[PDB]
Amino acid sequence: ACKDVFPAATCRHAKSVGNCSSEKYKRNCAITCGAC
């Protein structure tokens with residue numbers, strides 16, 4: 001499974017500023033990024 005590991009508070013920030021490019025919220029938070 002690729003369920004968002006990090007907390008919604010740490011994943012919500014990403015999109016907020018389009019940080020999807022990063023990995024902190026792309027490898028574990030694939031559900032928030034949109035890779036998996």
# chains A, B, ... in the order shown; residues from 1 in each chain; ligands from 1
$ residues_around --residues "residue 27 (chain A)" --least-positions-apart "3" --cutoff "12 Å" --atoms "only C-alpha atoms" --output "PDB file with N, CA, C and O atoms, in the first residue's frame"
ATOM      1  N   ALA A   1       0.824  -1.202   0.000  1.00  0.00           N
ATOM      2  CA  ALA A   1       0.000   0.000   0.000  1.00  0.00           C
ATOM      3  C   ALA A   1       0.862   1.257   0.000  1.00  0.00           C
ATOM      4  O   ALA A   1       2.021   1.228   0.418  1.00  0.00           O
ATOM      5  N   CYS A   2       0.292   2.361  -0.472  1.00  0.00           N
ATOM      6  CA  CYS A   2       1.009   3.629  -0.528  1.00  0.00           C
ATOM      7  C   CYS A   2       0.231   4.727   0.194  1.00  0.00           C
ATOM      8  O   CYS A   2       0.228   5.882  -0.230  1.00  0.00           O
ATOM      9  N   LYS A   3      -0.428   4.355   1.286  1.00  0.00           N
ATOM     10  CA  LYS A   3      -1.209   5.306   2.069  1.00  0.00           C
ATOM     11  C   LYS A   3      -0.312   6.386   2.665  1.00  0.00           C
ATOM     12  O   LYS A   3       0.794   6.103   3.126  1.00  0.00           O
ATOM     13  N   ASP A   4      -0.796   7.623   2.655  1.00  0.00           N
ATOM     14  CA  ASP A   4      -0.038   8.745   3.197  1.00  0.00           C
ATOM     15  C   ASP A   4       0.444   8.442   4.612  1.00  0.00           C
ATOM     16  O   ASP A   4      -0.355   8.338   5.543  1.00  0.00           O
ATOM     17  N   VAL A   5       1.757   8.301   4.766  1.00  0.00           N
ATOM     18  CA  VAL A   5       2.347   8.010   6.067  1.00  0.00           C
ATOM     19  C   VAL A   5       2.360   9.249   6.954  1.00  0.00           C
ATOM     20  O   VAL A   5       1.786   9.252   8.043  1.00  0.00           O
ATOM     21  N   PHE A   6       3.018  10.302   6.481  1.00  0.00           N
ATOM     22  CA  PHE A   6       3.106  11.549   7.232  1.00  0.00           C
ATOM     23  C   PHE A   6       1.718  12.055   7.610  1.00  0.00           C
ATOM     24  O   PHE A   6       0.707  11.669   7.024  1.00  0.00           O
ATOM     25  N   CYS A  11       1.346  17.007   5.247  1.00  0.00           N
ATOM     26  CA  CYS A  11       1.074  16.764   3.836  1.00  0.00           C
ATOM     27  C   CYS A  11       0.246  17.896   3.237  1.00  0.00           C
ATOM     28  O   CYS A  11       0.413  18.251   2.069  1.00  0.00           O
ATOM     29  N   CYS A  20       4.739  19.382  -3.989  1.00  0.00           N
ATOM     30  CA  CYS A  20       4.674  18.018  -4.502  1.00  0.00           C
ATOM     31  C   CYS A  20       5.998  17.617  -5.146  1.00  0.00           C
ATOM     32  O   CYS A  20       6.365  16.442  -5.154  1.00  0.00           O
ATOM     33  N   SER A  21       6.709  18.601  -5.686  1.00  0.00           N
ATOM     34  CA  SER A  21       7.991  18.351  -6.336  1.00  0.00           C
ATOM     35  C   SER A  21       8.956  17.654  -5.382  1.00  0.00           C
ATOM     36  O   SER A  21       9.760  16.818  -5.797  1.00  0.00           O
ATOM     37  N   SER A  22       8.871  18.004  -4.103  1.00  0.00           N
ATOM     38  CA  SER A  22       9.740  17.417  -3.090  1.00  0.00           C
ATOM     39  C   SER A  22       9.523  15.909  -2.996  1.00  0.00           C
ATOM     40  O   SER A  22       8.848  15.316  -3.837  1.00  0.00           O
ATOM     41  N   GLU A  23      10.098  15.297  -1.966  1.00  0.00           N
ATOM     42  CA  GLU A  23       9.969  13.860  -1.763  1.00  0.00           C
ATOM     43  C   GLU A  23       9.332  13.557  -0.410  1.00  0.00           C
ATOM     44  O   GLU A  23       8.627  12.559  -0.252  1.00  0.00           O
ATOM     45  N   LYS A  24       9.584  14.425   0.564  1.00  0.00           N
ATOM     46  CA  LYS A  24       9.036  14.253   1.903  1.00  0.00           C
ATOM     47  C   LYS A  24       7.548  13.920   1.844  1.00  0.00           C
ATOM     48  O   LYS A  24       7.036  13.169   2.674  1.00  0.00           O
ATOM     49  N   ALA A  30       2.308   9.783  -1.152  1.00  0.00           N
ATOM     50  CA  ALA A  30       1.932   9.654  -2.554  1.00  0.00           C
ATOM     51  C   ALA A  30       0.456   9.979  -2.758  1.00  0.00           C
ATOM     52  O   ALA A  30       0.064  10.495  -3.806  1.00  0.00           O
ATOM     53  N   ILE A  31      -0.357   9.675  -1.753  1.00  0.00           N
ATOM     54  CA  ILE A  31      -1.789   9.936  -1.823  1.00  0.00           C
ATOM     55  C   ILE A  31      -2.073  11.432  -1.882  1.00  0.00           C
ATOM     56  O   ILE A  31      -3.069  11.865  -2.463  1.00  0.00           O
ATOM     57  N   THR A  32      -1.189  12.222  -1.280  1.00  0.00           N
ATOM     58  CA  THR A  32      -1.343  13.670  -1.264  1.00  0.00           C
ATOM     59  C   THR A  32      -0.674  14.308  -2.476  1.00  0.00           C
ATOM     60  O   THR A  32      -1.111  15.351  -2.963  1.00  0.00           O
ATOM     61  N   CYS A  33       0.388  13.674  -2.960  1.00  0.00           N
ATOM     62  CA  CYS A  33       1.119  14.179  -4.117  1.00  0.00           C
ATOM     63  C   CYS A  33       0.412  13.800  -5.415  1.00  0.00           C
ATOM     64  O   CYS A  33      -0.039  14.666  -6.164  1.00  0.00           O
ATOM     65  N   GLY A  34       0.319  12.499  -5.673  1.00  0.00           N
ATOM     66  CA  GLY A  34      -0.334  12.028  -6.880  1.00  0.00           C
ATOM     67  C   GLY A  34       0.590  11.205  -7.756  1.00  0.00           C
ATOM     68  O   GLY A  34       0.481  11.232  -8.982  1.00  0.00           O
ATOM     69  N   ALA A  35       1.502  10.473  -7.127  1.00  0.00           N
ATOM     70  CA  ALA A  35       2.448   9.639  -7.856  1.00  0.00           C
ATOM     71  C   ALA A  35       1.982   8.187  -7.900  1.00  0.00           C
ATOM     72  O   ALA A  35       2.032   7.539  -8.946  1.00  0.00           O
ATOM     73  N   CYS A  36       1.528   7.682  -6.757  1.00  0.00           N
ATOM     74  CA  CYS A  36       1.054   6.308  -6.663  1.00  0.00           C
ATOM     75  C   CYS A  36      -0.359   6.181  -7.225  1.00  0.00           C
ATOM     76  O   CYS A  36      -1.341   6.437  -6.528  1.00  0.00           O
TER      77      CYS A  36
END
$ select_by_dssp --residues "chain A" --states "helix (DSSP H, G or I)" --output "ChimeraX atom specification"
/A:8-16,30-33
